[PDB]
Amino acid sequence: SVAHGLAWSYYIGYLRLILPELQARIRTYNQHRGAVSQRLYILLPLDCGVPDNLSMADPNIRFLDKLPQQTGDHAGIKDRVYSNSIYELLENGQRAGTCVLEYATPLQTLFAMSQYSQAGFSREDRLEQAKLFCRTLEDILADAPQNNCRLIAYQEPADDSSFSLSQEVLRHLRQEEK
Amino acid sequence: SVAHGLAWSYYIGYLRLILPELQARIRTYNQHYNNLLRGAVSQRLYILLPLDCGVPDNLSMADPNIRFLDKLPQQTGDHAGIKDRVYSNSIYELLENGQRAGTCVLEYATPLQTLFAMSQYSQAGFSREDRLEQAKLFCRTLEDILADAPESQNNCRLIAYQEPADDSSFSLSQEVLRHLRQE
Ligand SMILES: Nc1nc2c(ncn2[C@@H]2O[C@@H]3COP(=O)(O)O[C@@H]4[C@H](O)[C@@H](COP(=O)(O)O[C@@H]2[C@@H]3O)O[C@H]4n2cnc3c(N)ncnc32)c(=O)[nH]1
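Residues numbered from 1 in each chain as written, not as in the entry; some residues may be left out. Chains lettered and ligands numbered in written order. Heavy atoms only, no water.

A.B. asks: Quick rundown of the sheet that holds strand β7 (residues 149-154) of chain A? Include the residues and the values.
C.D. replies: Pairing between the strands of a sheet comes from backbone hydrogen bonds, and it takes one of two forms, parallel or antiparallel. Residues and elements named next belong to chain A. Spatial strand order, β2-β5-β6-β1-β7: five strands in an open sheet with mixed pairing. Both outer strands of the open sheet, β2 (61-66) and β7, are each paired with one neighbouring strand and no more. In this sheet, adjacent strand axes meet at a mean angle of 40 degrees when their direction is disregarded. Where β2 and strand β5 (residues 85-91) come together, five bridges link them in antiparallel fashion. By the bridge assignment, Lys66 is partnered in β5 with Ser85. Helix α1 (residues 2-29) rests against β1 (40-45), β2, β5, β6 (94-103) and β7 of the sheet, and its axis sits at about 140 degrees to β1. (Pairing = 2+ DSSP bridges. Helix = DSSP H or I, 4+ residues; strand = E, 2+ residues; numbered from the N terminus. Axes fitted to C-alpha atoms, helices over the stretch in contact; angles between N-to-C directions. Contact = heavy atoms within 4.5 Å.)

Shown next, in the form of structure tokens:
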């Protein structure tokens, strides 16, 4: 399936590369505002709505800083760069938490495939594959040599805004301190 | 299929983003940093597609006649809440009889590394036979996408080939030079 390939791709070509070094990059950051959480928070919107900017999703999520770049040779690209961003989460206009946060990039591929005629990929296919991506990725991480990351999958109906993405991420950050 | 998704992902998440500005980056490079009259960086991204899905981390180690020269000017952008994501491409010289015989922007197709890993990991349920079948389909699907894509305009060449990276007789530089010389 489309999702099977994307989940393996995201694990092999990204998470397996950045998660073993994440704990250390946060140290180089932390002590060198506000301790940043230790885990990479990965947002999995099942509708595959992935904006370039998180503040677009929720104005209470604001970019704060970049972690130091991780660079390395991969597939003939000398000094490929992987970068991650730290965001503050505001509550009543003030900072309530900070964490390394991003959307799962393969969900942009599912979205764009649903939009390109030649991909032969419907909106129903997109939802089914977004689900299968999440499940497949989770099953991989469950025995992947999880501790450095937290996956948050969620669905939001289209005509409906009872949803605060910043509040949900804050709930998770608070539970982890515990 | 697996290959369908991986080819679309390579297009959506990479080639559609880098191909529109590639020739401007190459022109900048040749105009300002490389005034060698027979040494101009070629105008297309050459993408290596080893059908056994053997992708080395270091392209130049697998041939003494491929030498890293420099990087193109970086391309940067915000994507999926990653600020200033960087897309980099490397320029290599291709040596023949000790001379610089070609110069090009060269890299392996990254999704092939995925097909290789899937064939290695039990949990992927993906055989070596599946891997060869999907590699071939990946190549076909990518060719069909690029043929219709507005971003692909004499600026990308796929180079598919059967030989293992641990060749002995096969020369990767010769394989690339043969295509460079046909344009
Ligand atoms: N050679 C090359 N290939 C790239 C590059 N960026 C992406 N690709 C490949 O294009 C496909 C889609 O990539 P995404 O960035 O949308 O999601 C890819 C994909 O889902 C998975 C595997 O990535 P790769 O092995 O590098 O190959 C990708 C992938 O085949 O990790 C994601 N990923 C890779 N780099 C990053 C990254 N830096 N930040 C967030 N996600 C990333 C790139 O910079 N150089």
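A.B. asks: Could you give an account of the UniProt feature "binding site: 2',3'-cGAMP" in chain B, naming the residues involved and the relevant values?
C.D. replies: Mapped onto the present numbering, the UniProt feature "binding site: 2',3'-cGAMP" falls at B:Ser9, B:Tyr14, B:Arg85 and B:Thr110. Counting through the fold element by element, B:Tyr14 comes out in helix α1 (residues 2-32). Each residue touching B:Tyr14, except ones within four places of it in the same chain, is listed here: B:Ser9, B:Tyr87, B:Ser88, B:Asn89 and B:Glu107. Inspection of the secondary structure puts B:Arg85 in strand β4 (residues 82-87). The exposure class assigned to B:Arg85 is partly exposed, which follows from its relative accessible area of 23%. In this structure, B:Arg85 is in contact with A:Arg80, A:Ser83, A:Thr105, B:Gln75, B:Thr76, B:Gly77 and B:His79, ignoring residues within four places of it in sequence. (UniProt positions renumbered as here; feature names shortened; annotations may be inferred. Buried < 20%, exposed > 50% of the residue type's maximum accessible area, 1.4 Å probe, protein only.)

A.B. asks: Would you mind going over the UniProt feature "binding site: 2',3'-cUAMP" in chain A in detail, with residue names and values included?
C.D. replies: According to UniProt, the positions carrying the feature "binding site: 2',3'-cUAMP" are A:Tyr14, A:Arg80 and A:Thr105. Non-local contacts of A:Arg80, meaning those with residues more than four positions away in its chain, are made with A:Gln70, A:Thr71, A:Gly72, B:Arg85 and B:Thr110. As for its placement among the helices and strands, A:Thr105 is situated in the loop between β6 and α3 (106-115). A:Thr105 gets classed as partly exposed once you look at its relative accessible area, which sits at 26%.

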